[PDB]
Amino acid sequence: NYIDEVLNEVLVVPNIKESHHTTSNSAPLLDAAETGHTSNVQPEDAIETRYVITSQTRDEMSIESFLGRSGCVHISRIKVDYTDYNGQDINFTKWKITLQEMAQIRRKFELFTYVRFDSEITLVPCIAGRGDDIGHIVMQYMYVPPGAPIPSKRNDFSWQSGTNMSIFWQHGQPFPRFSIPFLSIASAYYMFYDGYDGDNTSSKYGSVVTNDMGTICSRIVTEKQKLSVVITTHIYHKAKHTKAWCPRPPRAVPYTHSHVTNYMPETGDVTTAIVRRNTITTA
Amino acid sequence: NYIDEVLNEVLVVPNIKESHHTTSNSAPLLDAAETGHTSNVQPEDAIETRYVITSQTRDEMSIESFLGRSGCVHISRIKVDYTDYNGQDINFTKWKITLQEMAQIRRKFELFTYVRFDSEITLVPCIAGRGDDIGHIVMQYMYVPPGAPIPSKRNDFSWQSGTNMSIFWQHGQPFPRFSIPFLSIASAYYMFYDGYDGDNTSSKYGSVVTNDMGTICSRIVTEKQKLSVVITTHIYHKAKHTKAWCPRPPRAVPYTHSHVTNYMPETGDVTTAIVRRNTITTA
Amino acid sequence: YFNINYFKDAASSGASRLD
Amino acid sequence: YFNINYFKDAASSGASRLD
Amino acid sequence: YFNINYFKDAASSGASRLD
Amino acid sequence: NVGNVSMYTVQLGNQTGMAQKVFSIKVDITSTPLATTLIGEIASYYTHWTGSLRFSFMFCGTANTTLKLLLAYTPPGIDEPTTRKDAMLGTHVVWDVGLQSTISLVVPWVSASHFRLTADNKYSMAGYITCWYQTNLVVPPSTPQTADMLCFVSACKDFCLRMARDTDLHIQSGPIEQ
Amino acid sequence: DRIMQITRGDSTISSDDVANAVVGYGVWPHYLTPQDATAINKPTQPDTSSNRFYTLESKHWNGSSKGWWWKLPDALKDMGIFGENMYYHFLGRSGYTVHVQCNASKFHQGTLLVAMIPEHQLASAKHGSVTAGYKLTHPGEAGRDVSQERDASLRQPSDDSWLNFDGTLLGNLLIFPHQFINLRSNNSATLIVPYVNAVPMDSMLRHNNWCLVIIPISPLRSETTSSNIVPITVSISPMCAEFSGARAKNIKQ
Amino acid sequence: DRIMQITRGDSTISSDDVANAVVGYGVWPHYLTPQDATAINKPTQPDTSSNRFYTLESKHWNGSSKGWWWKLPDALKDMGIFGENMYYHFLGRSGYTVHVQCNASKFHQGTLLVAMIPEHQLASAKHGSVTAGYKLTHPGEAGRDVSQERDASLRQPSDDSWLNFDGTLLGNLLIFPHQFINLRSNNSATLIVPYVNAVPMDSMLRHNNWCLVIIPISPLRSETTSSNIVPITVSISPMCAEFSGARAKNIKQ
Ligand SMILES: Cc1cc(CCCOc2c(Cl)cc(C3=NCCO3)cc2Cl)on1
Ligand SMILES: Cc1cc(CCCOc2c(Cl)cc(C3=NCCO3)cc2Cl)on1
C-alpha cells in the first residue's frame, strides 16, 4: 500500500507480450463498430510485438487527480468607500454560489453529467494600498445559505452569525482555508439538467433550478480608515473525495453566462479549436 | 463510534415500513388532543406506504449543534483620546455581562427555560487607523467579577491582576480565545425568572436578580501614541458542553432592553412575523 | 486524533460527544 | 505519518485513496 | 496530555499537583 | 383577525351549497400560516427539511352537533384544487366528527430529492392541503350552527432537518436597550 | 364496537359509528384463477393506483326525495387510472367496496335502504318491447333518478321505485346484499362485493355487473331550518381490479 | 447470429439483421430499491399494460435530412396507460428499450448515428441567457428538427447538429450509449437503458432524463426513383415503470 501509494504504482498498465506470426482464420482486426461497442485489438494482435514489462501508473489519471486541484472560481472585489460607510449594498460583497461562473475549471467537470464531492476552499485576500498606510484591515467571510438574511448593507444583524459561518482573517495571519461536506438535497451535484421550474412557459430550465446554494455576503470589519484601499479576495476551490458518473464530450465553444449551454456568440461566427487543412493528402 | 461519529450517524431516524390496507375497527387516526398529549400516528398508519430505509441523522438537531456556535454578544469600542489620558471613565471599557444585550443568539437560548454550559470565548480586536501610523497597540482584557475593584479609570491598581484574569493581545498575534467553567451559584443558568429582589414594591424582577456576573473593564496598555485610533474588540460566544431543560415557544416580537420580556414598542403597533391572507380558501 | 485534552480543566475541551 | 484526521468531520480530510 | 516536561530543569514545569 | 386569537380557530359554518370548500394552506413548512408554529419557527434555523408531517384537527363544536369534513393533501405537481372531486383524487382522509373529536391527517413524504429546502423554492414545493365538507354540520334544536375547529401540526418520526443557518422569522430592527 | 377504519389506496376512510359491514355472498373479492380463466394474455393489474377510494358527486336527501342509483362498472368511467384502463382494454374484471356516508343529528329521523344487485335489467317506463337506452343506464358519477324529469322520447327506464325498476316488490330487495342507514343508530353503510358473472372477465363498457340502489324508506324528518341540508355521499373502491385485451382506446359518450 | 427477437408487452418486434444491442452503462433497467428510495407511498407498477412496445410517428430520410431528436419521458406523453400514469402522478421512474428500424436495399448507401444522452441540456440558437422554452423541448411522438423552419421569437433551441445542440463536437458523442445504422450491414439499432438521475424518482413532466438523437452521418445515396422513400421508424418500451404521488391530474400542453 505504502510503497504502492508512495511510489505511486497503484493502477498499473499491463505489459506488451511477445508475438509470432499468424496465418490464421480469425481476424481480430475486423469488428463492426456499428454495434456501438469498442474494439479490443492490441499491439500483440496486429504486429509481431516483443516483450516490454511496463511501469506506468494510471494513478494521475483518476477522477481525483484530474479533479482534486484548486481553481479560481471567483474574485470578490471591494473598492472601499469612507465617504458613505454602510449605505445600501456597499463595502460588503455577496455572489452566488457557483461556477459556470468561470471556464478552465468549469470546462473540466462538465466532462461528466453528475458529480459529487466535499471541497478545499481557500480564500486569498490581497490588500491593495491606494493610501499611504493600510492599517489593520480585518475581514469577515460568510456563507448565506438560502433562505437567510443576506446583509442589506455592511452592518446588518446578520453579521452576528449566531448560527452561521463566518471566517475571520487579519492582515499577516495566513490564508483562510477550510472545508466542506457535500451540500445537496440530491445524491449528487447536477453538473447538467433537462428540467424546468414548471409548466410556465416562462419557467427556468438548466443547472440551476438546481443550485440555489447560497451566496456569500462579505464584510471588512475594521470600521472607517483614513487612507483608502481596495480588497480582492480570490476564491479557489478543490474537490476532495470525488465521484463521477456518465462522461461527456468536452466543450469546444467558448461559453458565455453560466447555468446554460448557450454558445451563439455576439455576432462573431461560432468558433472552435479545429484547424483548417489545404489538403487531406499531406499533414 | 468513530464511523458513526465521523460519518455522523449517531442519532438515526427509523425507516418507513410497508403497509397494506385496513378495513378494521381500531382507528389510530382518531385521538383526543385535549389530553394535552401528542398523537402518535404515522405514514404507515394513514396510507399504504412502501419501504424506505432511511439515513438521516438527527445529529445536527442536538442542543449542542443548535447551541454550540459563536455569536457576537458585544462590541467593545474605544475612541481613544490623547488629550486626556486616564481621566475618569476613559479609554478603558467596562460592560455587564450578559446577553439579552443582543438578539439572534438571545433568541436561540430563550427557546428553553433553563440552560447550563461552559463557553468558547473569542475576542476579535479590529484597529481602525485614523492616523498616518498605528504603531504597536497592545491590549488588556479582564474580568471583574463582583464585587471587585472596577477600574475607575485606565491605570487603577486593578490592572495589576495579582489575582484576576487579564488576557493580552498585541497587533499581529492572533485572536485571543479561551474558555470557561460554568459560573453560577445555582445548578443552571436562569435564562428566565419569576422572582424579585424583595417585597419592596420597588424591587427588581427578572433574569437578573440572577445574573450579577461581572463586568469587563478594558484597557489599551501601550501609553500615549501620536496618530489616533479607534478600537473595536468584538466579543463572540460559544456554548460547549451544554444542557437544556423545559423548552419554550420562540420569540416573535422584536425585544428592546435585556433581562426583560417587554415588547411594547415606542408607539409603533406590536409587530410580528405573521403575514395576512386575503382568504383562507386559497393559499 | 483525539481525547488529548491539552488543557487541565474540563471546561476547556471540545464540544462534547453524543450518545 | 497518516490517518490522523485531526478534524472530527469526514468532509475534512485529505484527498481520498485509490483502490 | 501531560508529564511532558519539554524542559530539562524542574523549576520549569506546570503548576504542581495536589495531594 | 390576525393580531387577535381567532387567528387560530376556523369556524365551520352553514353552507347552503353542498360539497363546498373550507380552507387551504400550503405545506412548505416555512410559509405563514405554518412558519410561526413551534416547527416552522425552527425549521427556519436550518436550510433543509424532510420526512412526513402530521396535521391534527379538533372539533370545538358541541356534543349533540355532527359533521363530516374531507381533508386532503395535494402533492406537488399542480395547482391547489378549485374543487373537491379534483382534490379527493389524491391523498386524503374523510373525518367523522363524533365522540372522538380529533382526526389526524398524515402528509406522506413525496418528493424527488431525498431532501427539500426550507427556503421558498419553486422546485422544493411540498404542495397543498385543503379541507371540505363531506356532508354537513347538522345540529338539533337550539344549538348554535357555526362552531370552530382548531388545527395543529407536530412532526412524524420520519422527520429530520439539517444545515443550520440563522432564522427568517425574526429581524432585530433594534437595537436593544438597557 | 362500531367504529371502523378502511384503507384502500393512498386513501383511507373512517367512521366513528356503523352497522357492521357486509360481504356480498360471503365472498371476498380477489383475482382470477388460471382455472376459471379463459383469455390468454397476461392481465395488467394496477394495484393501489387503481383500486383505491374514489368518491362520487354528492346528493341531497329530500322529504320529496324518491331514490337514486349508480351503476358501478360505469360510475367510475372517469375516475383516473381505473377509468382509463377501462377504455384501453376489452376485458376488465374487478370487485368493489361501497362506503355510503349520510349524517345529520340525533334529532333527525330518516331511513335509507342501500343494496347492490347483480344484473339489474331495468324496465322501460313505456309499454312495449323497447328496452332502456344505453346512454341512460350509463349516467356516471352523477347517478340517476333523484326524482327527475326527462324526455319520454328516450327509451327511458322506470324512475319507478316500489317495483324495483325491474318490477319486483321492493322489500324483497332485501335478498340482494344490503343494509340501511337509520339515522338514529347508523352513519354509513358498507358493502364489499366480489365479481359475479357467468364469465371470467366481461366488457367493462357494455356490461355493468353491479348496480347499486339507495332508497329513502322512512322520509327524512327534522324540525330544523331547511338551511340544514343533509347530503348523501357515495365512495367507491375497485378492489382486485384486473384488465386485459389492450389496444387503441374506446371513446367517451 | 444477427437475428433478434424482443418481447415487451402484448407486443413483440423482430429483426432478421442487426448490430448486437447495447445496454446503457452496462446496467439493466429494474425497479427501485428500499435503500436508495425516498418517497413513502407504495408505487403503482403497471406491468405489461404499461411497459410495452409503443411505436411513434415515422420520418423520411433525406439527402437534405439533417437530423431529428425525441425526448423520452416526453415522447410517450400520449402513449396509453404509461402516458396517463404520468399525468396522474408526481413521481415517475422508468427505463426504456429503443428499437430504431430503417431499411432500404443493399443497393443503397447511408449511415445513421443513434445515441441516447443523460441530461441533454440544449442550447438556444440565439445568443444570451435565454434558455430553450418548455413547449419546444416537449415535442412528443413527433420529435424535433428534421431540418425545419420556425419563429425566432420562441426561446428556441439549436437546430444546430455538429455542435451536438449542446456545443460539444458531435463525434465525441460516441461517449453516450450508441450505435449506427450502416445500411450495408445493419437494419436497426437497439438501445436498452436503465434509469439515470441523482434522484430515485423524478417528475415525469418537468424533467426528461433520457434524450435520444439520430443523425445522418453519411447521406443516403441510391440511384433509384425518388418514389422510393426510406422512412426511419422509432419504437419504444418503458421497462420497469414505477409511479407514485397520486392525485388529481396535470394538464396537456
Ligand atoms: C455546482 C456547485 C458548486 C458548488 C459549491 C458551492 C460553493 O461553495 C462555497 C461555499 Cl458553500 C462557501 C464558500 C465561502 N464561505 C465563506 C467564504 O467562502 C465558498 C465556496 Cl466555493 O455547489 N454546486
Ligand atoms: C446569561 C449568562 C451569560 C453568561 C456568560 C457570562 C459572560 O462571559 C464572559 C466572561 Cl465571564 C468574560 C469575558 C471576557 N473576559 C475578558 C474578555 O472577555 C467574556 C465573556 Cl462572554 O452568564 N450568564
# chains A, B, ... in the order shown; residues from 1 in each chain; ligands from 1
call {"tool": "residues_near_ligand", "arguments": {"ligand": "ligand 2", "cutoff": "7 Å", "atoms": "only C-alpha atoms and all ligand atoms", "output": "MDAnalysis selection string"}}
result
chainID B and resid 97:99 121 123 141:143 166:167 183 189:191 211 213:214 216 235:237
call {"tool": "interface_residues", "arguments": {"of": "chain B", "to": "chain D", "cutoff": "12 Å", "atoms": "only C-alpha atoms", "output": "PDB file with N, CA, C and O atoms, in the first residue's frame"}}
result
ATOM      1  N   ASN B   1     -18.304   3.951  16.749  1.00  0.00           N
ATOM      2  CA  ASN B   1     -18.263   5.309  17.403  1.00  0.00           C
ATOM      3  C   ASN B   1     -17.636   6.251  16.341  1.00  0.00           C
ATOM      4  O   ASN B   1     -18.411   7.126  15.908  1.00  0.00           O
ATOM      5  N   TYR B   2     -16.357   5.953  16.083  1.00  0.00           N
ATOM      6  CA  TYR B   2     -15.739   6.774  15.048  1.00  0.00           C
ATOM      7  C   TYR B   2     -16.685   7.009  13.863  1.00  0.00           C
ATOM      8  O   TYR B   2     -17.240   8.082  13.707  1.00  0.00           O
ATOM      9  N   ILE B   3     -16.753   5.988  13.064  1.00  0.00           N
ATOM     10  CA  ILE B   3     -17.525   5.949  11.820  1.00  0.00           C
ATOM     11  C   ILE B   3     -18.853   6.642  12.070  1.00  0.00           C
ATOM     12  O   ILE B   3     -19.213   7.654  11.424  1.00  0.00           O
ATOM     13  N   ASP B   4     -19.509   6.058  13.079  1.00  0.00           N
ATOM     14  CA  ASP B   4     -20.813   6.642  13.489  1.00  0.00           C
ATOM     15  C   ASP B   4     -20.805   8.127  13.843  1.00  0.00           C
ATOM     16  O   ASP B   4     -21.813   8.834  13.687  1.00  0.00           O
ATOM     17  N   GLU B   5     -19.721   8.642  14.356  1.00  0.00           N
ATOM     18  CA  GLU B   5     -19.355   9.969  14.793  1.00  0.00           C
ATOM     19  C   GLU B   5     -18.593  10.845  13.787  1.00  0.00           C
ATOM     20  O   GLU B   5     -18.480  12.095  13.892  1.00  0.00           O
ATOM     21  N   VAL B   6     -18.037  10.198  12.792  1.00  0.00           N
ATOM     22  CA  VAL B   6     -17.196  10.818  11.755  1.00  0.00           C
ATOM     23  C   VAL B   6     -18.015  10.889  10.491  1.00  0.00           C
ATOM     24  O   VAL B   6     -17.914  11.727   9.575  1.00  0.00           O
ATOM     25  N   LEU B   7     -18.910   9.901  10.538  1.00  0.00           N
ATOM     26  CA  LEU B   7     -19.834   9.739   9.382  1.00  0.00           C
ATOM     27  C   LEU B   7     -21.134  10.478   9.696  1.00  0.00           C
ATOM     28  O   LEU B   7     -21.849  10.718   8.724  1.00  0.00           O
ATOM     29  N   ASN B   8     -21.164  10.729  10.996  1.00  0.00           N
ATOM     30  CA  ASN B   8     -22.243  11.470  11.671  1.00  0.00           C
ATOM     31  C   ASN B   8     -23.506  10.692  11.312  1.00  0.00           C
ATOM     32  O   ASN B   8     -24.221  11.056  10.382  1.00  0.00           O
ATOM     33  N   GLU B   9     -23.644   9.650  12.104  1.00  0.00           N
ATOM     34  CA  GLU B   9     -24.740   8.702  12.017  1.00  0.00           C
ATOM     35  C   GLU B   9     -25.101   8.224  13.413  1.00  0.00           C
ATOM     36  O   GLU B   9     -25.519   7.055  13.425  1.00  0.00           O
ATOM     37  N   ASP B  59     -28.247  14.299  14.173  1.00  0.00           N
ATOM     38  CA  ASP B  59     -27.025  14.754  14.868  1.00  0.00           C
ATOM     39  C   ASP B  59     -27.079  16.277  14.943  1.00  0.00           C
ATOM     40  O   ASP B  59     -27.111  16.723  16.094  1.00  0.00           O
TER      41      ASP B  59
END
call {"tool": "closest_atom_pairs", "arguments": {"of": "chain F", "to": "chain H", "cutoff": "10 Å", "atoms": "only C-alpha atoms", "output": "CSV"}}
result
residue,atom,partner,partner_atom,distance
F:50,CA,H:38,CA,9.8
F:51,CA,H:39,CA,8.7
F:52,CA,H:40,CA,8.3
F:72,CA,H:247,CA,9.8
F:73,CA,H:247,CA,8.7
F:74,CA,H:247,CA,6.5
F:75,CA,H:245,CA,6.6
F:76,CA,H:90,CA,6.8
F:77,CA,H:90,CA,5.6
F:78,CA,H:250,CA,6.1
F:79,CA,H:250,CA,8.8
F:80,CA,H:248,CA,10.0
F:81,CA,H:248,CA,8.2
F:84,CA,H:248,CA,9.9
F:85,CA,H:248,CA,8.3
F:86,CA,H:248,CA,5.1
F:87,CA,H:248,CA,5.9
F:88,CA,H:248,CA,7.5
F:89,CA,H:247,CA,4.8
F:90,CA,H:247,CA,3.2
F:91,CA,H:247,CA,6.6
F:92,CA,H:247,CA,9.5
F:107,CA,H:40,CA,9.9
F:108,CA,H:40,CA,6.1
F:109,CA,H:39,CA,5.5
F:110,CA,H:39,CA,5.0
F:111,CA,H:39,CA,6.2
F:112,CA,H:202,CA,4.9
F:113,CA,H:199,CA,5.6
F:114,CA,H:38,CA,5.4
F:115,CA,H:38,CA,8.6
F:158,CA,H:40,CA,9.5
call {"tool": "residues_around", "arguments": {"residues": "stretch 145-150 of chain H", "least_positions_apart": "4", "cutoff": "10 Å", "atoms": "only C-alpha atoms", "output": "number ranges by chain"}}
result
H: 59-62, 64-70, 139, 154, 156-161, 215
call {"tool": "residues_around", "arguments": {"residues": "stretch 130-139 of chain F", "least_positions_apart": "6", "cutoff": "6 Å", "atoms": "only C-alpha atoms", "output": "CSV table (one decimal) with N, CA and C atoms, in the first residue's frame"}}
result
chain,number,residue,atom,x,y,z
F,19,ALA,N,-71.0,20.2,-0.7
F,19,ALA,CA,-69.7,19.8,-1.2
F,19,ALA,C,-68.8,21.0,-1.4
F,20,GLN,N,-69.2,22.0,-0.6
F,20,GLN,CA,-68.3,23.2,-0.6
F,20,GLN,C,-67.0,23.0,0.1
F,21,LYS,N,-66.1,24.0,-0.1
F,21,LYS,CA,-64.8,24.0,0.5
F,21,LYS,C,-64.6,24.9,1.7
F,22,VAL,N,-63.7,24.4,2.7
F,22,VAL,CA,-63.4,25.1,3.9
F,22,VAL,C,-62.2,26.0,3.7
F,23,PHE,N,-61.0,25.5,4.0
F,23,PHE,CA,-59.8,26.2,3.7
F,23,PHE,C,-58.7,25.4,3.0
F,24,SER,N,-57.6,26.0,2.9
F,24,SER,CA,-56.4,25.5,2.4
F,24,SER,C,-55.2,26.4,2.9
F,65,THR,N,-73.9,18.2,18.3
F,65,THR,CA,-73.6,18.5,16.9
F,65,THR,C,-73.0,17.4,16.1
F,66,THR,N,-73.0,17.5,14.8
F,66,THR,CA,-72.4,16.5,13.9
F,66,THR,C,-71.9,17.1,12.6
F,67,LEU,N,-70.9,16.4,12.1
F,67,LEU,CA,-70.3,16.8,10.8
F,67,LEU,C,-69.4,15.7,10.3
F,68,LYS,N,-69.0,15.9,9.1
F,68,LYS,CA,-68.1,15.2,8.3
F,68,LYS,C,-67.3,16.0,7.2
F,69,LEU,N,-66.1,16.3,7.5
F,69,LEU,CA,-65.2,17.0,6.6
F,69,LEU,C,-64.3,16.0,5.9
F,70,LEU,N,-63.8,16.4,4.8
F,70,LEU,CA,-62.8,15.6,3.9
F,70,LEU,C,-61.6,16.6,3.8
F,71,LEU,N,-60.4,16.1,4.3
F,71,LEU,CA,-59.2,16.8,4.3
F,71,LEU,C,-58.3,16.1,3.2
F,72,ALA,N,-57.5,16.9,2.6
F,72,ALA,CA,-56.7,16.4,1.5
F,72,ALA,C,-55.4,17.1,1.4
G,104,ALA,N,-76.4,13.5,9.9
G,104,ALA,CA,-77.4,14.5,10.3
G,104,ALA,C,-77.2,14.4,11.8
G,105,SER,N,-78.1,14.9,12.6
G,105,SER,CA,-78.1,14.8,14.0
G,105,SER,C,-79.0,13.7,14.6
G,231,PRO,N,-76.8,15.9,3.0
G,231,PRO,CA,-76.3,15.2,1.8
G,231,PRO,C,-76.3,13.7,2.2
call {"tool": "select_by_dssp", "arguments": {"residues": "stretch 58-99 of chain B", "states": "alpha helix (DSSP H)", "output": "list in words"}}
result
residues 63, 64, 65, 66 and 67 of chain B
call {"tool": "write_last_selection", "arguments": {"atoms": "C-alpha atoms", "output": "short mmCIF file (atom, residue, chain, number, x, y, z; two decimals), in the first residue's frame"}}
result
data_model
loop_
_atom_site.label_atom_id
_atom_site.label_comp_id
_atom_site.auth_asym_id
_atom_site.auth_seq_id
_atom_site.Cartn_x
_atom_site.Cartn_y
_atom_site.Cartn_z
CA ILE B 63 -28.81 21.03 21.70
CA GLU B 64 -25.03 21.10 21.02
CA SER B 65 -25.03 21.91 17.30
CA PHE B 66 -28.08 24.10 17.87
CA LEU B 67 -26.36 25.92 20.60
#
call {"tool": "calpha_fit_and_write", "arguments": {"fixed": "chain D", "moving": "chain C", "output": "short mmCIF file (atom, residue, chain, number, x, y, z; two decimals) with N, CA, C and O atoms, in the first residue's frame"}}
result
data_model
loop_
_atom_site.label_atom_id
_atom_site.label_comp_id
_atom_site.auth_asym_id
_atom_site.auth_seq_id
_atom_site.Cartn_x
_atom_site.Cartn_y
_atom_site.Cartn_z
N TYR C 1 3.60 8.97 8.38
CA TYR C 1 2.56 9.83 9.03
C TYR C 1 1.25 9.85 8.20
O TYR C 1 1.33 10.16 6.96
N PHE C 2 0.17 9.52 8.97
CA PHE C 2 -1.18 9.41 8.33
C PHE C 2 -2.29 8.67 9.12
O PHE C 2 -2.17 7.77 9.98
N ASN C 3 -3.46 9.13 8.66
CA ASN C 3 -4.76 8.69 9.19
C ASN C 3 -4.92 9.53 10.48
O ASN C 3 -5.53 8.96 11.44
N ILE C 4 -4.36 10.74 10.45
CA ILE C 4 -4.56 11.42 11.77
C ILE C 4 -5.54 12.50 11.43
O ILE C 4 -5.05 13.61 11.24
N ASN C 5 -6.78 12.07 11.32
CA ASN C 5 -7.81 13.09 10.98
C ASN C 5 -7.85 13.99 12.19
O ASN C 5 -8.51 13.64 13.17
N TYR C 6 -7.07 15.05 12.05
CA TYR C 6 -7.03 15.96 13.20
C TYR C 6 -8.43 16.51 13.41
O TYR C 6 -8.70 16.83 14.59
N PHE C 7 -9.27 16.60 12.38
CA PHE C 7 -10.65 17.11 12.48
C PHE C 7 -11.69 15.99 12.40
O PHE C 7 -11.64 15.01 11.66
N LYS C 8 -12.67 16.20 13.25
CA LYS C 8 -13.86 15.40 13.55
C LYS C 8 -14.67 14.88 12.36
O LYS C 8 -14.92 13.67 12.12
N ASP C 9 -15.15 15.81 11.55
CA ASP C 9 -15.98 15.62 10.35
C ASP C 9 -15.22 14.87 9.29
O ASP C 9 -13.98 14.78 9.29
N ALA C 10 -15.98 14.28 8.38
CA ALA C 10 -15.21 13.45 7.40
C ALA C 10 -14.89 14.23 6.17
O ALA C 10 -13.90 13.97 5.49
N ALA C 11 -15.73 15.20 5.94
CA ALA C 11 -15.64 16.12 4.80
C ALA C 11 -14.29 16.85 4.78
O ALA C 11 -13.84 17.48 3.81
N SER C 12 -13.68 16.76 5.93
CA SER C 12 -12.41 17.43 6.14
C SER C 12 -11.45 16.27 6.23
O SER C 12 -11.66 15.58 7.25
N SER C 13 -10.61 16.19 5.24
CA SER C 13 -9.67 15.05 5.33
C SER C 13 -8.86 15.23 4.06
O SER C 13 -9.35 16.14 3.40
N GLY C 14 -7.87 14.41 3.87
CA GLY C 14 -7.06 14.53 2.67
C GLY C 14 -7.88 13.92 1.53
O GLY C 14 -8.97 13.43 1.69
N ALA C 15 -7.22 14.04 0.40
CA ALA C 15 -7.68 13.55 -0.90
C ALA C 15 -7.80 12.08 -0.50
O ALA C 15 -6.94 11.68 0.31
N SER C 16 -8.85 11.52 -1.05
CA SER C 16 -9.05 10.10 -0.69
C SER C 16 -7.89 9.33 -1.35
O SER C 16 -6.93 9.83 -1.96
N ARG C 17 -8.04 8.03 -1.14
CA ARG C 17 -7.19 6.93 -1.53
C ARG C 17 -7.43 6.32 -2.88
O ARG C 17 -8.05 7.10 -3.69
N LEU C 18 -6.97 5.09 -3.14
CA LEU C 18 -7.21 4.77 -4.58
C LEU C 18 -7.98 3.56 -5.02
O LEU C 18 -9.00 3.68 -5.81
N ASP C 19 -7.43 2.46 -4.47
CA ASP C 19 -8.10 1.16 -4.84
C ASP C 19 -8.92 1.33 -6.15
O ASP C 19 -8.55 1.46 -7.36
#
call {"tool": "interface_residues", "arguments": {"of": "chain B", "to": "chain H", "cutoff": "7 Å", "atoms": "only C-alpha atoms", "output": "compact mmCIF listing (two decimals) with N, CA and C atoms, in the first residue's frame"}}
result
# COMPACT_ATOMS: atom_id res chain seq x y z
N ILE B 16 -39.50 3.80 7.16
CA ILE B 16 -40.88 3.74 6.82
C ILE B 16 -41.07 2.37 6.21
N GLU B 48 -50.90 3.53 2.49
CA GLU B 48 -50.32 2.26 2.06
C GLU B 48 -48.96 2.67 1.51
N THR B 49 -48.09 2.73 2.45
CA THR B 49 -46.68 3.08 2.48
C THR B 49 -45.92 2.00 1.73
N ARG B 50 -44.63 2.18 1.55
CA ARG B 50 -43.83 1.22 0.81
C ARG B 50 -42.73 0.61 1.67
N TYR B 51 -41.55 1.12 1.52
CA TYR B 51 -40.40 0.60 2.30
C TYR B 51 -39.20 1.45 1.96
N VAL B 52 -38.90 2.29 2.95
CA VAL B 52 -37.76 3.18 2.66
C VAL B 52 -36.85 3.05 3.86
N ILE B 53 -35.64 2.64 3.55
CA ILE B 53 -34.60 2.51 4.58
C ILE B 53 -34.04 3.93 4.64
call {"tool": "select_by_dssp", "arguments": {"residues": "stretch 134-278 of chain A", "states": "strand (DSSP E)", "output": "PDB file with C-alpha atoms, in the first residue's frame"}}
result
ATOM      1  CA  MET A 139     -12.135  40.667   7.341  1.00  0.00           C
ATOM      2  CA  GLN A 140     -15.322  38.629   7.637  1.00  0.00           C
ATOM      3  CA  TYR A 141     -16.411  35.982   5.106  1.00  0.00           C
ATOM      4  CA  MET A 142     -19.691  34.160   5.401  1.00  0.00           C
ATOM      5  CA  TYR A 143     -21.982  31.995   3.983  1.00  0.00           C
ATOM      6  CA  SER A 166     -18.003  33.467   9.363  1.00  0.00           C
ATOM      7  CA  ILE A 167     -14.254  33.047   8.945  1.00  0.00           C
ATOM      8  CA  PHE A 168     -12.066  35.959  10.020  1.00  0.00           C
ATOM      9  CA  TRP A 169      -8.663  36.918   8.529  1.00  0.00           C
ATOM     10  CA  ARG A 177      -8.990  27.602   4.345  1.00  0.00           C
ATOM     11  CA  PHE A 178     -11.494  25.134   5.266  1.00  0.00           C
ATOM     12  CA  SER A 179     -13.730  22.615   4.004  1.00  0.00           C
ATOM     13  CA  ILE A 180     -16.965  21.284   3.413  1.00  0.00           C
ATOM     14  CA  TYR A 189     -24.420  17.627  -7.753  1.00  0.00           C
ATOM     15  CA  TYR A 190     -26.176  18.080 -11.078  1.00  0.00           C
ATOM     16  CA  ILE A 216     -21.716  34.943   0.098  1.00  0.00           C
ATOM     17  CA  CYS A 217     -22.090  38.209   1.748  1.00  0.00           C
ATOM     18  CA  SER A 218     -18.801  39.728   2.609  1.00  0.00           C
ATOM     19  CA  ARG A 219     -17.514  42.289   5.116  1.00  0.00           C
ATOM     20  CA  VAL A 229      -7.901  50.538  -0.121  1.00  0.00           C
ATOM     21  CA  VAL A 230      -9.284  48.006  -2.417  1.00  0.00           C
ATOM     22  CA  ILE A 231      -9.570  44.392  -1.465  1.00  0.00           C
ATOM     23  CA  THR A 232      -9.549  41.494  -3.802  1.00  0.00           C
ATOM     24  CA  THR A 233     -10.226  38.238  -2.071  1.00  0.00           C
ATOM     25  CA  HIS A 234      -9.739  35.370  -4.556  1.00  0.00           C
ATOM     26  CA  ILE A 235     -11.809  32.195  -4.115  1.00  0.00           C
ATOM     27  CA  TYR A 236     -10.078  28.923  -5.031  1.00  0.00           C
ATOM     28  CA  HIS A 237     -11.831  25.515  -4.946  1.00  0.00           C
ATOM     29  CA  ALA A 239     -12.577  18.697  -4.991  1.00  0.00           C
ATOM     30  CA  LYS A 240     -11.608  16.073  -2.471  1.00  0.00           C
ATOM     31  CA  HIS A 241     -13.284  12.697  -2.223  1.00  0.00           C
ATOM     32  CA  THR A 242     -14.898  12.936  -5.625  1.00  0.00           C
ATOM     33  CA  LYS A 243     -17.073  10.585  -7.737  1.00  0.00           C
ATOM     34  CA  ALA A 244     -18.262  10.920 -11.303  1.00  0.00           C
ATOM     35  CA  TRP A 245     -20.974   9.375 -13.460  1.00  0.00           C
ATOM     36  CA  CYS A 246     -21.614   9.327 -17.215  1.00  0.00           C
ATOM     37  CA  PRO A 247     -18.819  11.127 -19.107  1.00  0.00           C
TER      38      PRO A 247
END
call {"tool": "interface_residues", "arguments": {"of": "chain A", "to": "chain B", "cutoff": "12 Å", "atoms": "only C-alpha atoms", "output": "PyMOL selection string"}}
result
chain A and resi 82+131-140+149+156-174+181+185+187+220-228
call {"tool": "residues_around", "arguments": {"residues": "residue B:30", "least_positions_apart": "2", "cutoff": "6 Å", "atoms": "only C-alpha atoms", "output": "PDB file with N, CA, C and O atoms, in the first residue's frame"}}
result
ATOM      1  N   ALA B  27     -59.158   2.648  14.902  1.00  0.00           N
ATOM      2  CA  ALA B  27     -58.846   3.873  14.197  1.00  0.00           C
ATOM      3  C   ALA B  27     -57.817   4.732  14.945  1.00  0.00           C
ATOM      4  O   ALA B  27     -58.200   5.484  15.857  1.00  0.00           O
ATOM      5  N   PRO B  28     -56.588   4.532  14.516  1.00  0.00           N
ATOM      6  CA  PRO B  28     -55.425   5.196  15.085  1.00  0.00           C
ATOM      7  C   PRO B  28     -55.463   6.678  14.734  1.00  0.00           C
ATOM      8  O   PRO B  28     -54.844   7.454  15.479  1.00  0.00           O
TER       9      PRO B  28
ATOM     10  N   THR F 102     -60.833  14.188  17.494  1.00  0.00           N
ATOM     11  CA  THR F 102     -59.586  14.677  16.823  1.00  0.00           C
ATOM     12  C   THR F 102     -59.271  13.706  15.717  1.00  0.00           C
ATOM     13  O   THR F 102     -59.315  12.485  15.868  1.00  0.00           O
ATOM     14  N   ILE F 103     -59.023  14.253  14.559  1.00  0.00           N
ATOM     15  CA  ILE F 103     -58.666  13.440  13.396  1.00  0.00           C
ATOM     16  C   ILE F 103     -57.278  14.061  13.119  1.00  0.00           C
ATOM     17  O   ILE F 103     -57.061  15.266  13.258  1.00  0.00           O
TER      18      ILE F 103
END
